[PDB]
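Coming up are structure 1 and structure 2: the same protein chain in two forms, each one given alone as structure tokens.
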Structure 1
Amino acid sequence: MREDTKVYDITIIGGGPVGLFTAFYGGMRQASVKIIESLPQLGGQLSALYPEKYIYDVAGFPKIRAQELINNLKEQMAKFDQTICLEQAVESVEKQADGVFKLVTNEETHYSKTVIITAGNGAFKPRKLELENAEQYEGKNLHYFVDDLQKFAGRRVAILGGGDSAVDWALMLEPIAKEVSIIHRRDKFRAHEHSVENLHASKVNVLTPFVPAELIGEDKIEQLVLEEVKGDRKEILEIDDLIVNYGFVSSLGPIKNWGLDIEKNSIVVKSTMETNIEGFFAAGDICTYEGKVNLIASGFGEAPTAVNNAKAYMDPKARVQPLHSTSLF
């Protein structure tokens, strides 16, 4: 456990589109801002679940690719300073006797005058490989996320999964790795058909329909045993790295342990976006109220409402209504 003893003005739980616009608006109100995000990337549902898809109902965009929207939000907030804490899932939020919120994650303890939760459906986490010794290889050569293609250069790689992630990494690693194998439990992939076309055309070693049976290696993974689906025949791969792309899981989890008024897996908010805990606000898919719709455009309206009311809560001399952006820059 580490501890950040800077009391931020606004600490945002979740770096999806709504959290990103919340962060931007915090900057507009000259507030110190921290984003805490479970994944090693920002972008929430858009980046994790449909980065390639075109969205048609965000105000002002006849169409926009989901990842492009996320990148635009990142560009928007780039004019201001934010502290971004990735690979941290908030487990505890408590308002201390002095009024300051203490937030504790799996890695670090944080402090804030206000908290704005923009957590969607809860903390995104990778689906884990359900093998007894799999955890022991985490932080060695068992990978759930890929942050650097070049670290596989000249190495033998096995990839588990049949989705766009597994297929994309396989094709991205083909020209870099010494050897790439992809293992999927079905002859049919989930990945986009054009990507699958490219996969079968490539020199990637496709193994279907197989599931991973065991990991052999005293310290580092050395061999991967596979078993055929609807067939009694084992396969053994000599590998240097194992990449697991079994998709994402989310749950509110400990979000339900903080004394919040929660209905139907959503945090209930007043029209100010404030929860039942003073100084604790919510916006986006995580929040609810009579008439709430889970949309990006709805979240993008809730974000500035939360920020501007948070600012007025912190500074009794500050007005809820912000100045015109057209003159501020």
Structure 2
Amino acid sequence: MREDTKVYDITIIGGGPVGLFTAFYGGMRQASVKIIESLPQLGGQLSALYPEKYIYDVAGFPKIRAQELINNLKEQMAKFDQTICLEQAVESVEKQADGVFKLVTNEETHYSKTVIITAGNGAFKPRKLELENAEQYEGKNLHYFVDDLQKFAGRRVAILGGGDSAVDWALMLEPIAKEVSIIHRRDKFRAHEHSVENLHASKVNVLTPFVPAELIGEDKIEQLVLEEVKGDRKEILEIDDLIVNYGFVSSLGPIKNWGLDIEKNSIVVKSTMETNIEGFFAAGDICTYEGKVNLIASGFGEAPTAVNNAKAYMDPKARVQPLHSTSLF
């Protein structure tokens, strides 16, 4: 655990499209801004689930690719400064006796005058390996997210899963690692067929249809035991690193432990976007009210409403109504 003692004006929970636009508007209102995001990148459901698909119902865009919209939002918010904390899932939020919010994640403790939660359906997290003692190896040689390929240089690597993530990493590691195995529970892969063709074409050891049965290693994982899906046959692999790419899940989880009023598995808001905790606002798919629609356009409307009301909360002489952007730049 570490601690960032700087009190930010606005801390945003979740860097999907609504959080990104919220960050922009915080900058517009001369607020210091932190974004905390569960995944190793920004973009929420758009970047995670349909980055290549076209969106037709965002105002002003006859058609726009999801990732393109996210890229536009990043460019928009780049005019201002934020501190962005990726791979952090907020698990605790408490308004302290001095009014300052304290936020705790899996990695770091943060402070803020206001919090705006833009969590969607809750934190995106990788699917964990469902083997009794898998957690023991987290922080050692069990990897869920991969960034630096060179740490696997000259090493025996096993990758679990059959999607684009598992296949892509297997192909990138083949020329770097001593040996690479990919283990998937069907003979048919879920990854793009061309990537799967290259995989079979490559020197990657493909083990299908198998599931992980056991992890062995007192300290570091040393052996991986596989079991065939149809039948009882087992295989043991000697490995230096295990990468698990089983996709992602989202849930509210600890968002329900902060004293917020929750209805429809979402955070209730007044028309100002404020929750039942003053200084704590919500926007986008995480929020609810009578007539709420879960759309990007709706969230993009909620964002400035939240930021502008947050600004008035922080500075009772600040007008909720912003000045014209046409004049300000």
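Each residue is numbered by where it sits in the sequence of structure 1, with counting from 1. Between two forms, the rigid core is the largest collection of C-alphas that superpose within 1.5 Å.
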Problem - Out of 252, 129, 84, 89, the residue that alone shifts its CA by 2 Å or more between the two structures when the rigid core is the reference - result: 129
Fill in the blank from the handout: A C-alpha superposition of the larger rigid part shows the smaller one rotated between the two structures by a count of degrees equal to 16
Practice task
Having superposed the rigid core, state how many Å the Cα of residue 317 shifts between the two structures.
Solution key: 1.5
Practice task
On a rigid core superposition, how far has the CA of residue 175 moved between the two structures, in Å, if you could check?
Solution key: 8.5
Exercise for the section: Superpose on the rigid core and then read off how far the CA of residue 224 has moved between the two structures, in Å. Expected result: 6.3
